[PDB]
């Protein structure tokens, strides 16, 4: 098929800018060895040179920036996704490069107990993409979560292992397994 899955994502610099400065300061807190719970909004908003009203109008909660950053991160994936030659492995290999390219997100994601949000966000795009691409799912709404839940858990293992896994390494792994499920 030749359907674009990417969506121009029109948004101004101001909205994006407030996000970049808001998330980018959150990461510092993480990197700075402090608990997620302990982050007051005032604390976050001041550092980012963000007015609370701006954050509040745009963002209900701090955890919300992470959802947005996850949402922002998936934006690249689509742009490349159309571009990449489409094979199950390429999509798989496209996914692998995405996980291996931001490790800092995932640590932040688990850190904030944002795992459910990632799943909610990521899965929806799996559907949407598949709807655009004419793929059909045993189950309206479970196959998706499986892939997303499975990605997340892939991300998790990688980050927990001392070892470094090349894509060739991982792709081989994701196949020993598939064989196991039959």
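Residue numbers count along the first chain shown, from 1.
Remark: stretch with higher mean C-alpha B factor among 7-15 and 20-28 is 7-15. By the numbers in the PDB entry, the CA B factor is greatest at 140 among 116, 69, 153, 140. Remark: residue 93 belongs to the middle third of its chain, ranked by C-alpha B-factor as recorded. Annotation for residue 51: C-alpha temperature factor in the middle third relative to the rest of the modelled chain, per the entry.
Residue 42: CA B factor in the middle third of modelled residues in this chain (values from the PDB entry). In the PDB entry, a CA B factor belonging to the middle third of its chain's modelled residues is recorded for residue 145. Remark: residue 131 belongs to the highest third of its chain, ranked by C-alpha B-factor as recorded.
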